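**Student:** Below you'll find the structure I mean.
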Amino acid sequence: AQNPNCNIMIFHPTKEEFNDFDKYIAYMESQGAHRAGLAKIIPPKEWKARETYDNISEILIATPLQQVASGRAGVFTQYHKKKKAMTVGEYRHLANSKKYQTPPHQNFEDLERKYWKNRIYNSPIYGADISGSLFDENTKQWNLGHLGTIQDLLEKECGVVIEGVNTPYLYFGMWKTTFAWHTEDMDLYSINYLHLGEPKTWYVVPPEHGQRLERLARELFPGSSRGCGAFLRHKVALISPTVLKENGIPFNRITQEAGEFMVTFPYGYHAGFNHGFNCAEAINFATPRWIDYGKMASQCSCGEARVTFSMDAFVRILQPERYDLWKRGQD
Ligand SMILES: O=C(O)CNC(=O)C(=O)O
Ligand SMILES: [Mg+2]
Ligand code: NI
Ligand SMILES: [Zn+2]
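For the sequence shown, position 122 (counting from the first letter as 1) is numbered 132 according to the authors' numbering, and the numbering increases by one without interruption.
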């Protein structure tokens, strides 16, 4: 069995290997990359996502989210308070302000210590989940707006044509902006490209151990667990690496820098934080190996998780027993 300790693997494809996205995902899996839940892909030196980032300041962040925490430093939830719209240029200036800027630090490890010590005492503002793309249309390799669609994958594997579309999302971050512990909708893959700016630190639980994280989460968030049998679908709970180590939960960590891709694999729980002003792009995708994970994915039916139009068909076709109850949650 390849990668039996479930370590995060880093890949350096050549330009020729960067042509065929599906084939390279399958290659990475042949080497055991999925066992970690997360892999890093460093593009060939010949490649670029676009020519420059000099002209992005007029993108609008219609609903910036202030991430307010509650709890203790290592075990907290966050809620998203909606703020007034601002441009990417306005948001960058805000991120760099004395109130929000990254503190002085020695190295990524020192910053990570500072994050876990101090996150809860601040409320950073995240421009998340903005439909759009920063890939140039002429970038033909690993262009996250030109991937094969999940609807087309389901149709190719299972024969059923379904409605829905699959487009990317932009994320504008600042120091302390946080992504809570989650798997993807329908336990899909994700791919995330860090276009610019400061790094993003990730934490990940191997898919084979995901239920260990869920059981800890039910213990640590006992009201939320009574409310919803899949409350990590709400994407609000944080658990620090120190707490995970104290409870014996297997995980790994890695820092993504600008110009690098990360892939999350089906049922790989992940969480993390931004080091400073940055912009990432991400999208879900599927492969043939995903189908079995999609059929087994948990679902939130309490009403909180409320998701995209395109998840309807995935539930309806892969999880017909759950469909009725899930859809009651969405209406
Ligand atoms: O970058 C972020 O805030 C969160 N991204 C992801 O969870 C992802 O790419 O799957
Ligand atoms: Mg612009
Ligand atoms: Ni994710
Ligand atoms: Zn729920």
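No residue lacks a Cβ here, since even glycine has one placed at the ideal position from N, Cα and C.
#1: Let me make sure I understand the geometry here. Which of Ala268, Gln151, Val246, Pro74 has the alpha-carbon closest to that of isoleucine 140?
#2: The alpha helix (DSSP H) that contains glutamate 331, what's its start and end?
#3: Suppose the cutoff is 6 angstroms on Cβ atoms and the five residues either side in sequence are ignored; what does the same chain contact list for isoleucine 20 look like?
#4: For ligand 4, I want to know if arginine 338 counts as a neighbour, meaning its beta carbon is within less than 8 angstroms of at least one of the ligand's heavy atoms.
#5: Considering only their Cβ atoms, is the gap separating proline 209 from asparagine 106 smaller than 9 angstroms?
#6: For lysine 150 and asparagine 29, I'd like the C-alpha separation in whole angstroms.
#7: Go through its chain and collect everything with a Cβ distance to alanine 72's Cβ below 8 angstroms, but skip five positions before and after it.
#8: Over what stretch of residues does the beta strand (DSSP E) that includes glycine 174 continue unbroken?
#9: What residues in its chain sit with their C-beta under 7 angstroms from that of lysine 245, if we drop five residues either side in the sequence?
#10: Between which two residues does the alpha helix (DSSP H) harbouring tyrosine 213 extend?
#11: Who are the near neighbours of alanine 281 in its chain, counting only those whose CB is closer than 7 angstroms to its CB and skipping five residues on each side?
#12: Using a 10 Å radius around the Cβ and a threshold of 16 neighbouring Cβ atoms, would you call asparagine 132 buried or exposed?
#13: For ligand 3, enumerate in chain order all residues having a CB closer than 6 angstroms to any of its heavy atoms.
#14: Span of the beta strand (DSSP E) holding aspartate 32?
**Tutor:** For this structure:
#1: Numbered from 1 along the sequence shown, position 130 holds the residue referred to as residue 140. Cα-wise, what sits closest to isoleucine 140 is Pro74.
#2: One-based indexing of the sequence shown puts residue 331 at position 321. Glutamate 331 -> alpha helix (DSSP H) spans 330-340.
#3: As a working mapping, residue 20 is identified with position 10 in the sequence shown. Result list for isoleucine 20: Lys50, in chain order.
#4: Start at 1 with the first residue of the sequence shown, and residue 338 comes out as number 328. Checking every heavy atom of ligand 4 against the Cβ of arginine 338, none is found closer than 8 angstroms.
#5: Within the sequence shown, numbered from 1, the residue matching residue 106 stands at position 96. Within the sequence shown, numbered from 1, the residue matching residue 209 stands at position 199. In this structure, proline 209 does not lie closer than 9 angstroms to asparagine 106 by Cβ.
#6: Start at 1 with the first residue of the sequence shown, and residue 150 comes out as number 140. Start at 1 with the first residue of the sequence shown, and residue 29 comes out as number 19. If you take the alpha carbons of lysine 150 and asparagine 29, they lie about 8 angstroms apart.
#7: Counting from 1 along the sequence shown, the entry for residue 72 is found at position 62. Taken in chain order, the residues that qualify are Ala95, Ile140.
#8: Reading the sequence shown from its first residue, position 164 is the one you call residue 174. Taken as a continuous stretch (DSSP letters only), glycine 174 belongs to no beta strand (DSSP E), as it is neither H nor E.
#9: For the purposes of this step, residue 245 is taken as the residue at position 235 of the sequence shown. Same-chain partners within the cutoff: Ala190, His192.
#10: Position 203 of the sequence shown holds residue 213. Careful: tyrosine 213 lies outside any alpha helix (DSSP H), inside the beta strand (DSSP E) at 210-215.
#11: Working through the sequence shown from its first residue, we reach residue 281 at position 271. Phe189, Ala190, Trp191, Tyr213, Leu248, listed in sequence order.
#12: As a working note, residue 132 is residue 122 in the sequence shown. Classification for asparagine 132: exposed.
#13: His192, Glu194, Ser200, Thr274, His280
#14: The residue labelled residue 32 in the question sits at position 22 within the sequence shown. It is not in any beta strand (DSSP E) - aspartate 32 instead sits in the alpha helix (DSSP H) that spans 31-40.
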